[PDB]
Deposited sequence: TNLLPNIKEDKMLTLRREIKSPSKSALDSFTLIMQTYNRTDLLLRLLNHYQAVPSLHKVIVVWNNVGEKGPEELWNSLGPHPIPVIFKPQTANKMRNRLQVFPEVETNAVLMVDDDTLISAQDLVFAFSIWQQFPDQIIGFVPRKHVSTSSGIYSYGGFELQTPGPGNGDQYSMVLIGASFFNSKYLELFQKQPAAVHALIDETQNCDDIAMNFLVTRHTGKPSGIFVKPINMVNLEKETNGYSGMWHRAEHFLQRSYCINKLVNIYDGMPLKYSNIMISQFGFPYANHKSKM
C-alpha cells in the first residue's frame, strides 16, 4: 500500500465496458487495489466470471450498492489502504503511461486533484455563474485560458477527501442527490476551501479514450450557483498551469 493508489470505479449498465477496462487497469504499475462501486441495484456482479479468468495482479472488490447514487463512489470504503485514489468513469480508458506520470504528479501535490479533464466557471452577471470549458471566453487576467475545476471522473486525489466530503453541510448532500449530478463540482468546492489553492492541476493526457440528456449541462451551472449560496461564497480559484511529461513524447520540450 506504500506509494500505491486505489482505483475506484462506479458502474451502471456498462458491465461489458467495466470488464474491458478492468482488464486494462489491473496491469497498471503502482495499482494496489480496485473497488468497483456496483450501482446496478438488484443485479449479480461479474465477480464470478472475473475470478474464473484469474489470476489477477491485484485484488478487485465488488461492493453492491443499495441505490443508484452518483455519490456512492465518494463513500469511505474501509478497503482503501492507500493515501491516493484513482477515480475513473466506467467508459474511460487512460493509458498506463498517463496514469504513472499523473500519479507521480499527485505525490508532489497530494492535496490537490490531479486529472485529465479541466473545466471552469465564468460570470457575465454579478454573482451569477455559468459552467463550461474552452468554448467560453477566458475569465482570468490576460491571454490563454483558465480552469477552476478538474473533473473527478479521471483523476488522482487524496483519500482523506472522501471523509471530508461526508462532513460537508447537509444542503450539499441534498443537492447532490437532488440532481444526481454535480458531485465533482462539489468535490472541487470542498478541496479548494480546504487548501486555499486551485482545487486541481491539469495534466494533459497523451492517450486517454472514451469507449462508447439535454438539461445535464444546465444542472452544472445551476449547482455552482446553489453551492455558492450554500457556502456563501465562490471559492474556486483559476489556474492556467498545464503539465506534460518532459521528454514524453521524445523531444516534446522543443
- [ ] Take the full deposited sequence, match it to the modelled residues, and report the stretches without C-alphas.
- [x] 1 to 25, 238 to 248, 291 to 293
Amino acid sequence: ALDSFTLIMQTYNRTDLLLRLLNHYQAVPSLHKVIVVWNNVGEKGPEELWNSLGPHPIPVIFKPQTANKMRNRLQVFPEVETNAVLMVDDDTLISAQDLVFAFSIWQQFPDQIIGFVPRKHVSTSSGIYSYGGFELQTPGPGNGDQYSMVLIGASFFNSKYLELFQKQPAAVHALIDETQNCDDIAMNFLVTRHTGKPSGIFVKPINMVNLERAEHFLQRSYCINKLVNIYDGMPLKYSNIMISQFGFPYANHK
From here on, numbers count along this sequence of modelled residues.
Open item on the list: Can you check if residue 212 is missing its coordinates in at least one third of the other PDB entries compared, counting only those that model the residues either side of it?
Closed with: yes
TODO: Look up the CA B-factors in the entry and say which stretch, 130 to 138 or 100 to 108, has the higher mean.
DONE: 130 to 138
- [ ] Could you check which stretch, 241 to 249 or 19 to 27, carries the larger mean CA temperature factor in the entry?
- [x] 19 to 27
- [ ] Quick one: which of 226, 32, 204, 216 shows the highest Cα temperature factor in the PDB entry?
- [x] 216
Open item on the list: Maximum C-alpha temperature factor per the entry, among 175, 94, 85, 151, belongs to which one?
Closed with: 175
Open item on the list: Where does the C-alpha B-factor of residue 36 rank in its chain, lowest, middle or highest third?
Closed with: middle
Open item on the list: Where does the C-alpha B-factor of residue 156 rank in its chain, lowest, middle or highest third?
Closed with: lowest
TODO: Please place residue 74 in the lowest, middle or highest third of its chain by C-alpha B factor as given in the entry.
DONE: middle
Task: Chain third (lowest, middle, highest) by recorded CA B-factor, residue given as residue 186 - done: lowest
Open item on the list: Taking only the Cα B-factors deposited for this chain, tell me whether residue 58 sits in the lowest, middle or highest third.
Closed with: lowest
